[PDB]
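Trainee: Structure in structure tokens, see below.
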Amino acid sequence: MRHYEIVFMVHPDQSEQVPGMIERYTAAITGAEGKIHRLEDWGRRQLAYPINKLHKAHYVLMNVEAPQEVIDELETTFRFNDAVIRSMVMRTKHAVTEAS
Amino acid sequence: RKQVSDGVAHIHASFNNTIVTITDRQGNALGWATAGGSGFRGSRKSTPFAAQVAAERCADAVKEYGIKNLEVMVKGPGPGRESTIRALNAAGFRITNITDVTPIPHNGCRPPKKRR
Amino acid sequence: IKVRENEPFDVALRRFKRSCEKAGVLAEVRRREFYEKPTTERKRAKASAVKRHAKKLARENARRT
Amino acid sequence: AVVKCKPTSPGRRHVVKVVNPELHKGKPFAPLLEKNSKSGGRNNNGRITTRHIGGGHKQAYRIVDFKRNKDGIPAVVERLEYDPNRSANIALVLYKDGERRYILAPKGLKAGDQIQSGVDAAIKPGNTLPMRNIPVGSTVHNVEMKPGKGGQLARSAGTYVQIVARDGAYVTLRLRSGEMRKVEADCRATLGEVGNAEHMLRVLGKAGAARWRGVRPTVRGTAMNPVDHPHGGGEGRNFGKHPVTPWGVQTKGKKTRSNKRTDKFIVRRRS
Amino acid sequence: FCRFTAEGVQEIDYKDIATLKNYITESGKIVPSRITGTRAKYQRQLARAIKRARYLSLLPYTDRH
Amino acid sequence: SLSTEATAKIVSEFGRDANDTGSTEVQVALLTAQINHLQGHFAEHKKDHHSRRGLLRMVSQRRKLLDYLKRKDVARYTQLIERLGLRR
RNA sequence: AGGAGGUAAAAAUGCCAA
RNA sequence: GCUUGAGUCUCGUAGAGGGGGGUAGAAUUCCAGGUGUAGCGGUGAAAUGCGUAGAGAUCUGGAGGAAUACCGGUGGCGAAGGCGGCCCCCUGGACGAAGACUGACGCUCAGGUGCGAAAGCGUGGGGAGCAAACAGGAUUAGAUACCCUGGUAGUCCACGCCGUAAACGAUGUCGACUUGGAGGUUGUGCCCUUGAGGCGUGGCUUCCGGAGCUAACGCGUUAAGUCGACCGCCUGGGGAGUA
């Protein structure tokens, strides 16, 4: 299909409840037969500028491949989730796993 | 009259005039002085010497608070940029650091077409 | 912007203003944009820099100084 | 869509009408109809209270739903129906158990679109939820003031309300007048804006087209006699009387807001 | 003279800011290519990686936050 | 896009073989596959005048080939347009 | 060799032909 | 018939090409307040204006619109007009290498049709900033101007219309041929990648300059050189691109 390089920051209070979210998204794509290749967790790291006056947040890295239907509903799950702040999706540019 | 150790000086050196203000660490304005109130009017108000004597009228009226060490914030090019800091390196104030907060935009809010 | 020169500096040492922009830049953004003169005043300034190069290796002029 | 007509006759010249192919072209759904006694603007004493009203053409009240109490029950839009009582258009909906009901139409609503209400519903125009599950900055319509009363705001044709901010136990709404108002955060609101946005573009065209809307000819005050209006009289269209109502109260800028019971909720006066 | 990954092949990445902080300045702006000596291909590719990394707050915009 | 999957069925359906990607009948079937395809693209936009010019080249490229084929090989010319449903 | 900042209050007209 | 002109297909590269939908920071203005005190603002100077009803300066918070610093460059792209934060979706066009195919399918173009900056016009939204008109202050012999303070249309968005510009490398389009040099940009091959390479081979672009040409200035392999094919137009200045 097409690869996508997803990052999304989440609210640092919901890092207590973060890994159950990641299994919903990874079963959304793998249930739609798209594969994942990375699952890199950057963790609770310090920001450089205060997004919503909030300091340090938690970062997730995906680097997955999926058909274009799965990402559009994925954006809405990132749109309506006040645990998640400032998500991002990029285009194919064929992917493999590295780069901590 | 409430004494304080650490203050902050805001220096606003606009082209026509420079207005200095010494505040606290939390933005509550302790006192201020300006180059229009320092006797000079117009042309003489546009002078680095008028800027240096403006902070000397702000060197007092902060003596009720007794600030020893202070930060310095500058904004605006003016003539008053590298003059009022020399109005405090003689006036006995431990300058911790000097920063600059000149409001550079990122290309918004179109400027005027000023004088031809 | 930010300078400390940490403990015994005793004097301004403020190279940092012309080191990046902050004197020269807002005496440019402060007025008329023209939308066109930015193409025009880049034309001659780039024309001058090639004329600056035109006399660099053409320094083989004698004049008997 | 919005069409213009060709000047075959004077009165057919300036007429512009909206026409809509997806409107149901038959009888309305019979058991959701009552009658409605047209009054002519008179009340139980029998005097004219609101002037310039009366006549036109018979109508039939369609009981629309406003409360949207069916929760956890998906439903299916049957067809978009014309409604002469509203200014919007309505939709006959079929709930999954079998009930048929009338709701206002969101603008992005085709026949066959599946909606749901309650609290479990998703953000999709046609759904109703209590406004703390609705994310801040959304566009809702048909929102009620009291928690469960009905819906009174943004229910005319092509109107909407932007949710400004959720202030804990309350929520701030900017109405269509340009007025920011607090409502209780546990009120229902239907997502998306009302359809029939081209109602604004409609021009009647002839005097009789106003008549069958039920209105009557407004006589302007300066033609009446001085016993009949505060203006009026003279010898050739005089004036000079600081324009008022027919009961001698200043119009053209004179505020009549005197409530004192809802100033708890009005954040900013409209402008 | 002192160029970069043109023979050291890269696909310049916006996540590893350790190489990205070399080509920003101390004030938080993107350095010109004419001083760093990078090629025009691998300097447009990196300024894209800066504005990406500015969006994730890995690098500031200037300081005023 | 008219993908490598999409075109490979068209060159097999019309060519002398799969290596015959150059014929007049192959190119016209490539154009009408794409001219019909962008009719969905040029409905919602209707104001993208830039990429519309690339369609008008694909139209005019098709028109010049049919006038060549009609001048050349009339039996296949009246074979193609009823295999495609075009020409007015 | 490279580079930065600063630098004018208004001020009109003079016949026709040689 | 044929392949060298045109065209297709395969693998890829580069890009402010276009349309649509999101999204982010800096800044201005505004709104509510905290601290705080007499000016601020502007200018050649001043005044109008603003401010003790508490401004301006400063701090926190909120709203709103518009534009995208740095990168950024006689850099890239597009037929031209034009196009600049970032992300997605739909989508045009160019280019490169080694092969394959069709077989002159080509060039140009009156009328015709399409696109076409800015300003205008229409409807419905939007309105921070900026600013025709307009008002006030100065200036001046006068100043219905520059300058100052304001400030509506307008600029913004969606959809129609207008169809003009110093719409300009003031240079129609296509092809072939004829010394060089220094760069920019984007491919690609080979060689020792052995290090910012070495030698080529393509596309595009900037400057200089020879023969030649030109009234001269200057153009000068991207011609204004040497020719070929079509098209547009000119015939003293005004009157007039007007009736």
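To be explicit about the labels: the chains of the structure tokens are called A, B, and onward in the order shown, and within each one the residues are counted from 1, while ligands get numbers from 1 in the order they are shown.
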Which parts of chain E does DSSP call alpha helix (DSSP H) when run on the backbone here, written out as a list in words?
Mentor: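 Residues of chain E classed as alpha helix (DSSP H): residues 17, 18, 19, 20, 33, 34, 35, 36, 41, 42, 43, 44, 45, 46, 47, 48, 49, 50, 51, 52, 53, 54 and 55 of chain E.
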Trainee: Near chain A, which residues of chain E fall within 7 Å when you count only C-alpha atoms, and what do they look like as a PyMOL selection string?
Mentor: chain E and resi 57-60+65
Trainee: Which neighbours of segment 24-35 of chain A fall inside 7 Å, counting only C-alpha atoms (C1' of nucleotides), when residues of the same chain fewer than 5 positions from it are skipped, and could you give them as a ChimeraX atom specification?
Mentor: /A:64-67,70
Trainee: Keeping only C-alpha atoms, write the selected residues as a compact mmCIF listing (two decimals), in the first residue's frame.
Mentor:
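Here's the written file out03.txt:
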```
# COMPACT_ATOMS: atom_id res chain seq x y z
CA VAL A 64 3.87 1.89 9.44
CA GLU A 65 2.41 1.01 6.06
CA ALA A 66 -1.33 1.05 5.45
CA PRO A 67 -3.98 1.84 2.85
CA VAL A 70 -6.99 3.58 7.63
```
Trainee: Return the single residue from F:30, F:59, F:86, F:6 that is closest to chain H, with distances computed using only C-alpha atoms (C1' of nucleotides).
Mentor: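 Nearest candidate to chain H out of F:30, F:59, F:86, F:6: F:30.
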Trainee: Write out as a PyMOL selection string each polymer residue whose atoms come within 10 Å of residue 12 of chain C, counting only C-alpha atoms (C1' of nucleotides); drop sequence neighbours fewer than 5 positions from it.
Mentor: (chain B and resi 82+85-86+89+97-98) or (chain C and resi 3-5)
Trainee: Would you pick out the contacts of residue 10 of chain G at 12 Å or less, using only C-alpha atoms (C1' of nucleotides), so that residues sharing its chain but fewer than 6 positions from it are not included, and give the list as an MDAnalysis selection string?
Mentor: chainID H and resid 44 139:140 143 146:147
Trainee: Dump N, CA, C and O atoms (P, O5', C5', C4', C3', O3' and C1' of nucleotides) for the selected residues as a PDB file, in the first residue's frame?
Mentor:
```pdb
ATOM      1  P     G H  44      11.213  64.252  10.188  1.00  0.00           P
ATOM      2  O5'   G H  44      11.848  65.676  10.453  1.00  0.00           O
ATOM      3  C5'   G H  44      13.249  65.840  10.483  1.00  0.00           C
ATOM      4  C4'   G H  44      13.625  67.257  10.800  1.00  0.00           C
ATOM      5  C3'   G H  44      12.967  67.833  12.034  1.00  0.00           C
ATOM      6  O3'   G H  44      13.675  67.498  13.208  1.00  0.00           O
ATOM      7  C1'   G H  44      12.786  69.356  10.235  1.00  0.00           C
ATOM      8  P     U H 139       3.153  75.718   9.995  1.00  0.00           P
ATOM      9  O5'   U H 139       3.912  75.418   8.632  1.00  0.00           O
ATOM     10  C5'   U H 139       4.944  74.449   8.569  1.00  0.00           C
ATOM     11  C4'   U H 139       5.051  73.876   7.186  1.00  0.00           C
ATOM     12  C3'   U H 139       4.987  74.889   6.070  1.00  0.00           C
ATOM     13  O3'   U H 139       6.206  75.567   5.875  1.00  0.00           O
ATOM     14  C1'   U H 139       3.580  73.078   5.553  1.00  0.00           C
ATOM     15  P     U H 140       6.226  77.159   5.983  1.00  0.00           P
ATOM     16  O5'   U H 140       5.642  77.630   4.589  1.00  0.00           O
ATOM     17  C5'   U H 140       6.220  77.156   3.393  1.00  0.00           C
ATOM     18  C4'   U H 140       5.275  77.289   2.241  1.00  0.00           C
ATOM     19  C3'   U H 140       4.669  78.657   2.045  1.00  0.00           C
ATOM     20  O3'   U H 140       5.554  79.583   1.454  1.00  0.00           O
ATOM     21  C1'   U H 140       2.995  77.021   1.826  1.00  0.00           C
ATOM     22  P     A H 143      -3.723  77.135   1.754  1.00  0.00           P
ATOM     23  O5'   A H 143      -3.084  75.965   0.899  1.00  0.00           O
ATOM     24  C5'   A H 143      -3.854  75.249  -0.052  1.00  0.00           C
ATOM     25  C4'   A H 143      -3.213  73.933  -0.396  1.00  0.00           C
ATOM     26  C3'   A H 143      -2.499  73.208   0.755  1.00  0.00           C
ATOM     27  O3'   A H 143      -2.682  71.808   0.597  1.00  0.00           O
ATOM     28  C1'   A H 143      -1.068  73.383  -1.058  1.00  0.00           C
ATOM     29  P     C H 146      -0.640  64.109   0.741  1.00  0.00           P
ATOM     30  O5'   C H 146       0.941  63.981   0.694  1.00  0.00           O
ATOM     31  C5'   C H 146       1.576  63.045  -0.156  1.00  0.00           C
ATOM     32  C4'   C H 146       3.007  63.434  -0.395  1.00  0.00           C
ATOM     33  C3'   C H 146       3.906  63.366   0.817  1.00  0.00           C
ATOM     34  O3'   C H 146       4.457  62.078   0.973  1.00  0.00           O
ATOM     35  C1'   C H 146       4.200  65.435  -0.309  1.00  0.00           C
ATOM     36  P     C H 147       4.071  61.180   2.231  1.00  0.00           P
ATOM     37  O5'   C H 147       4.335  62.133   3.465  1.00  0.00           O
ATOM     38  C5'   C H 147       5.648  62.305   3.959  1.00  0.00           C
ATOM     39  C4'   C H 147       5.647  63.164   5.185  1.00  0.00           C
ATOM     40  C3'   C H 147       4.687  62.740   6.271  1.00  0.00           C
ATOM     41  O3'   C H 147       5.163  61.661   7.041  1.00  0.00           O
ATOM     42  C1'   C H 147       4.537  65.067   5.948  1.00  0.00           C
TER      43        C H 147
END
```
Trainee: So that each row is one residue of chain D with an atom at most 12 Å from chain H, can you give its shortest atom pair and the distance in Å to one decimal, using only C-alpha atoms (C1' of nucleotides), rows by chain and rising number, as CSV?
Mentor:
```
residue,atom,partner,partner_atom,distance
D:164,CA,H:63,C1',9.6
D:165,CA,H:62,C1',10.3
D:174,CA,H:63,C1',11.6
D:180,CA,H:63,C1',11.3
D:197,CA,H:124,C1',10.8
D:198,CA,H:124,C1',10.0
D:199,CA,H:124,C1',11.8
D:200,CA,H:124,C1',8.8
D:201,CA,H:124,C1',8.5
D:202,CA,H:123,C1',12.0
D:267,CA,H:32,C1',11.6
D:268,CA,H:31,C1',10.7
```
Trainee: Export N, CA and C atoms of the chosen residues as a PDB file, in the first residue's frame?
Mentor:
```pdb
ATOM      1  N   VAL D 164     -17.531  27.950  21.991  1.00  0.00           N
ATOM      2  CA  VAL D 164     -16.358  28.775  22.252  1.00  0.00           C
ATOM      3  C   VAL D 164     -15.422  28.091  23.236  1.00  0.00           C
ATOM      4  N   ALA D 165     -15.886  27.847  24.458  1.00  0.00           N
ATOM      5  CA  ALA D 165     -15.014  27.278  25.472  1.00  0.00           C
ATOM      6  C   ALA D 165     -15.841  26.559  26.520  1.00  0.00           C
ATOM      7  N   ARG D 174     -21.130  31.112  21.123  1.00  0.00           N
ATOM      8  CA  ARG D 174     -21.340  32.325  20.356  1.00  0.00           C
ATOM      9  C   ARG D 174     -22.522  32.109  19.436  1.00  0.00           C
ATOM     10  N   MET D 180     -22.109  36.100  22.907  1.00  0.00           N
ATOM     11  CA  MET D 180     -21.511  34.988  23.621  1.00  0.00           C
ATOM     12  C   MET D 180     -22.334  34.730  24.870  1.00  0.00           C
ATOM     13  N   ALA D 197     -29.559  26.350   3.068  1.00  0.00           N
ATOM     14  CA  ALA D 197     -28.817  27.592   3.238  1.00  0.00           C
ATOM     15  C   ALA D 197     -29.191  28.647   2.213  1.00  0.00           C
ATOM     16  N   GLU D 198     -29.877  28.267   1.147  1.00  0.00           N
ATOM     17  CA  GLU D 198     -30.246  29.184   0.085  1.00  0.00           C
ATOM     18  C   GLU D 198     -31.566  29.872   0.345  1.00  0.00           C
ATOM     19  N   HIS D 199     -32.137  29.669   1.530  1.00  0.00           N
ATOM     20  CA  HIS D 199     -33.310  30.417   1.965  1.00  0.00           C
ATOM     21  C   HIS D 199     -33.031  31.912   1.974  1.00  0.00           C
ATOM     22  N   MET D 200     -31.787  32.286   2.261  1.00  0.00           N
ATOM     23  CA  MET D 200     -31.368  33.676   2.214  1.00  0.00           C
ATOM     24  C   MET D 200     -31.505  34.252   0.816  1.00  0.00           C
ATOM     25  N   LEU D 201     -31.243  33.445  -0.202  1.00  0.00           N
ATOM     26  CA  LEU D 201     -31.180  33.958  -1.558  1.00  0.00           C
ATOM     27  C   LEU D 201     -32.540  34.148  -2.194  1.00  0.00           C
ATOM     28  N   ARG D 202     -33.594  33.649  -1.568  1.00  0.00           N
ATOM     29  CA  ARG D 202     -34.920  33.688  -2.159  1.00  0.00           C
ATOM     30  C   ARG D 202     -35.465  35.106  -2.201  1.00  0.00           C
ATOM     31  N   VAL D 267     -22.538  36.890  28.383  1.00  0.00           N
ATOM     32  CA  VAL D 267     -21.159  37.337  28.516  1.00  0.00           C
ATOM     33  C   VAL D 267     -20.970  38.673  27.812  1.00  0.00           C
ATOM     34  N   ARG D 268     -21.238  38.709  26.514  1.00  0.00           N
ATOM     35  CA  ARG D 268     -21.029  39.904  25.717  1.00  0.00           C
ATOM     36  C   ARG D 268     -22.288  40.218  24.937  1.00  0.00           C
TER      37      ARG D 268
END
```
Trainee: Would you tabulate, counting only C-alpha atoms (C1' of nucleotides), all residues of chain H that have an atom at most 6 Å from an atom of chain E, showing the closest pair of atoms and their distance in Å to one decimal, sorted by chain then ascending number, as JSON lines?
Mentor:
```
{"residue": "H:70", "atom": "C1'", "partner": "E:29", "partner_atom": "CA", "distance": 4.9}
{"residue": "H:71", "atom": "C1'", "partner": "E:30", "partner_atom": "CA", "distance": 5.5}
{"residue": "H:196", "atom": "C1'", "partner": "E:1", "partner_atom": "CA", "distance": 4.6}
```
Trainee: Quick one: everything within 12 Å of residue 183 of chain H, counting only C-alpha atoms (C1' of nucleotides), minus sequence neighbours fewer than 4 positions away in the same chain. Send it as number ranges by chain.
Mentor: C: 50, 53; H: 74, 205-208
Trainee: Sorted by chain and rising residue number, list the residues of chain B at most 12 Å from chain E (counting only C-alpha atoms), each with its closest atom pair and distance in Å to one decimal, as JSON lines.
Mentor:
```
{"residue": "B:99", "atom": "CA", "partner": "E:63", "partner_atom": "CA", "distance": 10.7}
{"residue": "B:100", "atom": "CA", "partner": "E:64", "partner_atom": "CA", "distance": 10.2}
{"residue": "B:101", "atom": "CA", "partner": "E:64", "partner_atom": "CA", "distance": 8.0}
{"residue": "B:102", "atom": "CA", "partner": "E:64", "partner_atom": "CA", "distance": 10.4}
{"residue": "B:103", "atom": "CA", "partner": "E:64", "partner_atom": "CA", "distance": 9.5}
{"residue": "B:104", "atom": "CA", "partner": "E:62", "partner_atom": "CA", "distance": 10.0}
{"residue": "B:105", "atom": "CA", "partner": "E:62", "partner_atom": "CA", "distance": 10.9}
{"residue": "B:106", "atom": "CA", "partner": "E:61", "partner_atom": "CA", "distance": 10.3}
```
Trainee: For chain C, which residues have at least one atom within 12 Å of chain H, if we go by only C-alpha atoms (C1' of nucleotides)? Write them as a compact mmCIF listing (two decimals) with C-alpha atoms, in the first residue's frame, please.
Mentor:
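Result file result-v9.txt:
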```txt
# COMPACT_ATOMS: atom_id res chain seq x y z
CA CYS C 20 22.70 37.53 13.78
CA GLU C 21 20.23 40.23 12.73
CA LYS C 22 18.59 42.28 15.35
CA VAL C 25 16.70 43.50 10.37
CA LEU C 26 13.97 45.69 11.86
CA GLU C 28 14.25 46.82 7.04
CA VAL C 29 10.86 45.42 8.05
CA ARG C 31 8.22 50.26 6.48
CA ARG C 32 6.99 49.83 2.89
CA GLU C 33 7.29 46.37 1.33
CA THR C 39 13.19 41.94 -6.84
CA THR C 40 14.80 45.18 -8.01
CA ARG C 42 18.25 42.22 -5.29
CA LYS C 43 19.05 42.67 -8.98
CA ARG C 44 21.70 45.36 -8.57
CA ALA C 45 23.08 43.94 -5.32
CA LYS C 46 23.68 40.64 -7.08
CA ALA C 47 24.99 42.65 -10.02
CA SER C 48 27.44 44.39 -7.71
CA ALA C 49 28.71 41.12 -6.25
CA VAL C 50 29.61 39.86 -9.72
CA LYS C 51 31.31 43.20 -10.37
CA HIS C 53 34.28 39.35 -8.45
CA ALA C 54 35.07 41.04 -11.77
CA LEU C 57 41.31 38.04 -10.07
```
